[PDB]
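Listed below are the residues making up each chain.
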There are 2 protein chains.
Amino acid sequence: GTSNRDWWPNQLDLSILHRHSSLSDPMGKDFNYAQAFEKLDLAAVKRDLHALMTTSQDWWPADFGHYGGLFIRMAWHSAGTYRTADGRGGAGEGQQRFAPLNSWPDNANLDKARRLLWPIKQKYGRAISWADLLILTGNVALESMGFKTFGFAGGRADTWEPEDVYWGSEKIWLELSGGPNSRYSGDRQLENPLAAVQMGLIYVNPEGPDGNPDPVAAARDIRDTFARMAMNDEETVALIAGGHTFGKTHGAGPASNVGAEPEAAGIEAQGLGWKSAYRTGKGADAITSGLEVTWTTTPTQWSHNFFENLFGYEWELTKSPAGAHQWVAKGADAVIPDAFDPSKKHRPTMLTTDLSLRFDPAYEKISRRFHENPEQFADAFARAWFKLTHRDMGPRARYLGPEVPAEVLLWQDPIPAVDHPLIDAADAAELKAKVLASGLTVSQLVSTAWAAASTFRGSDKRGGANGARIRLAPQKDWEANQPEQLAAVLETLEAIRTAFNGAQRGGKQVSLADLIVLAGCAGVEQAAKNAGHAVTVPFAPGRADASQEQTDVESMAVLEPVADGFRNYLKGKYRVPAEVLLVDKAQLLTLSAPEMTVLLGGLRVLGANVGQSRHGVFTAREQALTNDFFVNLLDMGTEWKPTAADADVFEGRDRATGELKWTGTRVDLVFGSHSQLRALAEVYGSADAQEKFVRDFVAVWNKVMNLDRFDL
Amino acid sequence: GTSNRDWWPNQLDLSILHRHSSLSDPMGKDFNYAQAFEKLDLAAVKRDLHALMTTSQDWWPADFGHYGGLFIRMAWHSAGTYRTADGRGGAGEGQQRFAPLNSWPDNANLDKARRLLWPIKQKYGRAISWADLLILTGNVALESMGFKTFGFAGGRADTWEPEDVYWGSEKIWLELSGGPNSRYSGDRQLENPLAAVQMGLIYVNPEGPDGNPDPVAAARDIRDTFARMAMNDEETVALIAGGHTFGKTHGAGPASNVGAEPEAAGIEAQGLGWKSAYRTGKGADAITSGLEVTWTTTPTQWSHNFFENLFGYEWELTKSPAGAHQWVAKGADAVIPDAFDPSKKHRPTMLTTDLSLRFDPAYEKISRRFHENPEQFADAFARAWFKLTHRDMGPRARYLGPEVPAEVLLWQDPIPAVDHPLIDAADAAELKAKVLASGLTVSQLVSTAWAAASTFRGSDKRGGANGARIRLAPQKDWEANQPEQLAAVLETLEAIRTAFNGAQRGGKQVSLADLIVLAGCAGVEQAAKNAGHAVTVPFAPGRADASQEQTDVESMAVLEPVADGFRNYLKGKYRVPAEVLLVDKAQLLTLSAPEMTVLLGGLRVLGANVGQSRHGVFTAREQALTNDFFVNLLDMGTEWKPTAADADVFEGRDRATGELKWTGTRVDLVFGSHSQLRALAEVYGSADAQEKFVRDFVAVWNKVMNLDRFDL
Ligand code: HEM
Ligand code: HEM
Ligand SMILES: [Cl-]
Ligand code: NA
Ligand code: NA
């Protein structure tokens, strides 16, 4: 069947805002995974998982009769899709059990890994998510082979359809770089937001850059793809050496033997794939990467044997049975155990990407420190493992169960405890009134509250107003946040805070993070009153103020908005049409198209635009909450033409007189161009729509103010 | 950005079951369109509409200073997408304003039509759907120009994203037949369920079959396409002559002057398209179809000029200014007014398809009767116009407003009015008790009430259990419905109904239509109890029994399920894979992926399979409401392979022993193969999920029993 996407390939795709509907979710609408998981017998699951580790199934026999390695690869892949650029991928959604991830090349035979876990999933049911299970299984594999994990958090709720993610433009799996959809430019610049070197790879090519077996080169890819997945040099080394401490690769024969990935397989494959015609096609004849490396002498036990082999040998270029570039210790004793035949033994082996830890100068200082001190190694790897598998879970208030590390880590963008009485309705009222009495404008209040709350992304549940980090580096010096304006607003708000807090009894006081949002709420009430409408904007206190010290300034950089359709803001020129970038920002803010539309409309007329630009400000009554944006946008009496100066700026002229009425961007005009968006603009541009616009707007305003409030 | 479709195009698409969610809908989830339209001043709109008829706009000047003709083609096009095969398309959903219909070649310049209607839409807001306005405007165009309409029902609710319709496989707009994706094979067989002869056309080519101007061949395509949109010869001729009594075609210059269809237009065109570079682009210079025909001396007035001109001249093949095949009267005077210059008249002209009404033997006779008896012409066209525009609104209880025809039309599959008191709860109990005492099996009861209820489709809101049409021709003789068993079940139910009704006073009685559904419920209560669950199934009485005479046998034949995955029924071998046909039927039944999963699960184990086939009956306790289907399907203990005899039947063998456990169809297994459906299967095959599965299935059962119950 021919689709709108066939006919009109370049059109906005809005479907991405409308995933995770009550329709696709088989759980009741009242279902709460947190409440389900906090009555789970976590101990009882881990015992089942421990037993599993050494209970081989003939359809996928365990290497060394212990699955631990397989399950560490599986949990590491589940978490290793994650890009800091957008916070998309990661373990958090369990998105490995769905297309495309479930059928990537790098995720080959993890289908068997998950299939092994069905009977434990089946047993415990809704009380443990697949998403929690995939991580917990990795943690139990490590514990079962004598490694102390740093902790575990439940509360990764299952999703029920594929995340809509940009994995790349490439139309061939594992396509080498230089192609018609090359993700590499310049001096090997990997394109944002991508954090892999090839379509269907987790991070880098184990044979080396585009198969070139040079461990210096490879280290460039490893540093890059890992920095892009939140991991520094030390964390990278800990994670690679720590993992490649366990199990083995599988390359027993040619790759040509392997059949269709799960999404392509027969119906009768019941969701498995890479069915192999090579001998038994499993256990000792298993093909997965096509490489045949077994790293340590105790593949099913925590050791420091990896770095021992690594440093204690010289290494020779060789080819797996599948024809794949790997390395073998030159003139070594057959010390490494076979996985299935106790009589055979193999020389030590390495990937190009393992030698990277040795031959990259900066990795080598870290690798040698860990070699000499396997207790430093074991602590790094544990911390790195925790971070890896919890990077995308959001604030510590989400973390469920009895194994949550009590140590607060910098990467968790931590929020101080609240020790004191919160402000009540009467207080909120008093403070809103004080904000307005100050002389702060609707536009200053609404712009500040927006800049603060709009850093949130449900992708990795980072950002949001909580913690007042807009007052700190680097949020407070972001172009989009109008630094000098922000400075005055905040300096004014902090006087109101100091006064209010100074007058209080019973140790009651208000965070600056509460007041920035209260102020932005005062501004929306004033704006409604400006349009002759008395509304109360909802407000939930209990935010706290993170310090500059509680804030990693490097980790904060990916949360900088460089496109904000809601502030008619572009920082530079992009391949991507601004309107596509708008749908992106809206996805991250968790907004439906109806919510995106009502929100952008109100903001334009509230003066939320960056630099008080007139683009999209389709009102004569600015700082009044009205549906002017839509009425004016959809007015056939106006005619719209691209400017001579700027093709992405438009003049709206009276169709009769040729009088200039309005200017606007693609972000503004798309609401009267896009079939489905115009349809929505129409509802809010209709005569009967003043009440519904104001009501919907306060709603999606409150939703964005509360995006990062998991403490409720 | 490569997607899951790009990688795996043949993979089932569940998104079609998860459209029309509360997420994409901008109206609150309490919003009732019926109650907004019941408060609407219908008169005030029709008044505003009448004014519009002759309020020309610079940007699309009205032909003859009256838009009536343009608005009648806009109405007819909204309704003209309808196929009887699946009831999809039609005017019921205002789908013309969305891709792809909004950008079809045959809807060229109708963007302008809809645009003209904005200010009225804007005025009356939510109280009139776009869907109701497009048809109402068509009606007021006819009333304006002196044609009395049979009437008008409102209550077509606006949709908010594209319906997911198969319009064909061609990847070139208007592609002629015999292409790599031809919708025609053999002796010009149009592939079901398509009702147009080329991609982006309503019914036929106006130049004639694949641009060949033979009005005798053209006649065949018209008879076919209109047949396929619910219209016999009499209604067809009434409708073509009815329409082409008004307005003109637009072919002022060559089609190459016409630019991007709306969906492809730049953002500045604000949702309009086909911008022409010929002269002024509009009015006298209008290109739409590239044909230049005016049929009547009075294009803005109801006449009997059409048949007059048709029969009154011999016709001469010529070419529009665009190079298109049309016809011009031989040696006729210029009696036809120009639309813009009083100083010009033109000879009478016709389309190849207009001449079809004359040169087709069967059409000629109805054309002659209409010529001779213009009172019959008028009445036929009035009825065929009401049918065209109300075909897909479903049962008469859905019809809102003061202008609803009192006259009950065979094509509306009418339901008699309930005169008498309904069975109460006490009565239902006593009836379910007698059903179960009869010795009707669970399988018999669930099969029958499924057979009845599941004929329903929300596409065109036809079918369902109301009317007990399962007891009539042709439903009672359908293969899917197991004629002989059905005979015996109904026979027994009627004895019970006859006894119950015979006992009663105050003139209370139960329809057979009610009792069939009640017994299905009794069946489902018995199956719960067989599984040791105490369940009551909800049951709403009020169904009535249609007579044979109230049931068009021919029109009922498009509701015959040649595929029902819910009964593992396929009538023969289809190019389309059965699992697609299952999804197809789920959409038609208004079912979510979860609801389809739950329902098929229960039905399998309840004995609802055609011919008592084992295919997918994964349980040892048949006729007991359990999640056996899911637990057994997802049992990794079982290996599945296609049979030698049938690639479409599968064997479930113990992975250890080789002993056959099960057989399944593609429909059974797809739940173990599709990654999103398997996700769903897993929830219901879990060990905590036996109660949830029963409740979820009683819910979707009672939904399907109530699908056609707009009388509530
Ligand atoms: C540059 C980074 C990395 C590369 C190129 C890499 C590459 C590979 C390759 C090619 C395999 C063979 C898969 C097979 O054939 O079945 C493998 C296996 C494995 N990797 Fe990685 N890996 C990397 C990082 C990591 C990390 C961070 C972890 C864990 C924290 C990890 C844990 C494992 C484990 C446990 C296996 C063995 C699975 C089994 O027992 O069957 N790797 N790796
Ligand atoms: C075989 C069936 C039909 C064919 C091939 C056909 C073809 C055409 C064509 C080519 C146009 C010119 C479009 C343009 O250039 O603007 C047109 C106009 C029109 N048709 Fe049809 N038509 C058919 C049936 C009908 C029916 C059933 C109706 C109404 C019930 C209808 C009502 C009209 C009207 C009102 C216009 C005039 C639009 C205007 O004045 O701007 N047609 N038709
Ligand atoms: Cl539930
Ligand atoms: Na994420
Ligand atoms: Na329909």
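Residues numbered from 1 in each chain as written, not as in the entry; some residues may be left out. Chains lettered and ligands numbered in written order. Heavy atoms only, no water.

Method of structure determination, per the deposited record: X-ray crystallography was used for this entry, reaching 2.5000 Å resolution.

Student: Describe the overall build of chain A, naming the residues involved and giving the relevant values.
Tutor: Summing up its helical and strand segments, chain A has 22 helices and 12 strands in all. The C-alpha atoms of chain A give a radius of gyration of 28 Å, which matches the 27 Å a tight globule of 712 residues would have. Judged by the C-alpha coordinates and their principal axes, chain A covers about 90 × 65 × 50 Å. Per-residue burial over chain A gives 61% buried out of 712 residues. Of the contacts made within chain A by residues no fewer than 6 positions apart, 72% connect residues no fewer than 24 positions apart. If you sum the accessible surface of chain A, you get close to 25900 Å²; carbon and sulfur atoms cover 51% of it. Once the 73 positive and 89 negative side-chain charges of chain A are each reduced to a mean point, those two points are 2 Å apart. (Helix = DSSP H or I, 4+ residues; strand = E, 2+ residues; numbered from the N terminus. Rg over C-alpha atoms; globule rule 2.2 N^0.38 Å. Buried < 20%, exposed > 50% of the residue type's maximum accessible area, 1.4 Å probe, protein only. Contact = heavy atoms within 4.5 Å. Areas by Shrake-Rupley, 256 points an atom, 1.4 Å probe, with all protein chains shown as cover. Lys, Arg positive; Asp, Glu negative; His and termini not counted. Charge placed at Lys NZ, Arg CZ, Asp CG, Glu CD.)

Student: Tell me about the site of ligand 1, residues and numbers included.
Tutor: Residues and elements named next belong to chain A. In the vicinity of ligand 1 lie 25 residues, with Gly-69, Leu-70, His-244, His-250 and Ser-289 positioned nearest. The separation between an oxygen atom of ligand 1 and a polar main-chain atom of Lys-248 is 3.2 Å. Take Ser-289: an N or O atom from its side chain is 2.7 Å from an oxygen atom of ligand 1. At the level of elements, α4 (68-80), α7 (215-227), α8 (233-243) and α12 (374-390) are the ones that each hand at least two residues to the shell around ligand 1. Sort the elements by how many residues they give to the shell around ligand 1 and α4 lands first, with 5 residues. Tallied by class, the residues present in the shell around ligand 1 amount to 14 nonpolar, 9 polar and 2 charged. (Near = heavy atom within 4 Å. Polar contact = N/O pair within 3.5 Å; in protein donor to acceptor, adjacent residues only side chain to side chain. Nonpolar A, V, L, I, M, F, W, Y, C, P; charged D, E, K, R; others polar.)

Student: An account of the sheet that holds strand β4 (residues 325-329) of chain A is requested, with residue identities and associated values reported.
Tutor: Each strand in a sheet pairs with its neighbour through backbone hydrogen bonds, running either in the same direction (parallel) or in the opposite one (antiparallel). Residue and element names in this part refer to chain A. Here 3 strands make up an open sheet; going across it, the order is β3-β4-β7 and the pairing antiparallel. Edge strands, defined here as strands with exactly one partner in the open sheet, are β3 (315-319) and β7 (349-350). Direction of pairing for β4 relative to β7: antiparallel, over a ladder of 2 bridges. Following the sheet pairing, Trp-327 is matched in β7 by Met-350. (Pairing = 2+ DSSP bridges.)

Student: Let's hear about the pairing of strand β12 (residues 660-665) of chain A: which residues, and what values?
Tutor: Note on strand geometry: in a regular strand, side chains alternate between the two faces of the sheet. Residues and elements named next belong to chain A. Two strands pair when backbone bridges link them, and strand β11 (residues 649-654) and β12 are joined in this way by 5 bridges, in the antiparallel orientation. Bridge pairing in β12 places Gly-652 opposite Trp-662. Hairpin connection, β11 to β12: the antiparallel pair is bridged by 5 residues, and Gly-658 has positive phi, about 75 degrees.

Student: Any details on the site of ligand 2? Residues and values, ideally.
Tutor: All names here are of chain B. The full set close to ligand 2 counts 25 residues, and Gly-69, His-244, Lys-248, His-250 and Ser-289 are the nearest of them. The separation between an oxygen atom of ligand 2 and a polar main-chain atom of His-250 is 2.9 Å. With respect to ligand 2, the side chain of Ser-289 contributes an N or O atom lying 2.5 Å from an oxygen atom. Listed by contribution, the elements that provide at least two residues to the shell around ligand 2 are α4 (68-80), α8 (233-243) and α12 (374-390).

Student: Describe the pattern of salt bridges, listing the residues and the values that go with them.
Tutor: All chains considered together, the criterion is met by 103 salt bridges over all chains. Between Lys-171 of chain B and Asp-6 of chain A there is a salt bridge, and its shortest N-O distance comes to 3.9 Å. A residue pair is termed interchain when its members come from two chains, as with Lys-171 of chain B in the loop between α6 (130-144) and β1 (184-185) and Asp-6 of chain A in helix α1 (residues 4-7). A salt bridge links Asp-224 of chain B to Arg-228 of chain B; the shortest N-O distance between them is 3.2 Å. Given a relative accessible area of 24%, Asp-224 of chain B falls into the partly exposed group. (Salt bridge = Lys/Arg side-chain N within 4 Å of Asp/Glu carboxyl O.)

Student: Could you give an account of the coordination of the sodium ion (ligand 4), with specific residues and numbers?
Tutor: All names here are of chain A. Taken together, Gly-87 (O), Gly-89 (O) and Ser-459 (O) make up the protein donors of the sodium ion (ligand 4), found 2.2 Å from the metal. Donor residues for the sodium ion (ligand 4) sit on one chain with the sequence pattern G-x1-G-x369-S. Highlighted residues: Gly-89 in the loop between α4 and α5 (110-124) and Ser-459 in the loop between α14 (442-453) and α15 (483-503), separated in sequence by 370 residues. Of the two residues examined, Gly-89 and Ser-459, each falls in the buried class. (Donors = N, O, S within 2.8 Å, 3.2 Å for Na, K, Ca; no water.)

Student: Requested: an account of the interface of chain A and chain B, with residues and values cited.
Tutor: Taken residue by residue, the interface counts 84 residues in chain A and 83 residues in chain B. Carbon and sulfur atoms make up 58% of the surface buried where chain A meets chain B, a total of about 6900 Å² over both sides. In terms of surface lost to chain B, no three residues of chain A exceed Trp-7, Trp-8 and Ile-267 of chain A, which account for 11% of the buried area on that side. Taken together, the links from chain A to chain B amount to 5 salt bridges. (Buried area = accessible area lost by both parts, 1.4 Å probe.)

Student: With reference to specific residues and values, describe unusual backbone geometry.
Tutor: Looking along the chain, the bond that leaves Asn-192 of chain B and enters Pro-193 of chain B is cis, with omega of 0 degrees. Summarising the element assignment, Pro-193 of chain B is placed in the loop between β2 (189-190) and α7 (215-227). With an omega of 0 degrees, the peptide bond running from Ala-473 of chain B to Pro-474 of chain B counts as cis. By the secondary structure assignment, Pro-474 of chain B is in the loop between α14 (442-453) and α15 (483-503). For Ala-230 of chain A, which is not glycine, the phi torsion reads 90 degrees and is therefore positive.

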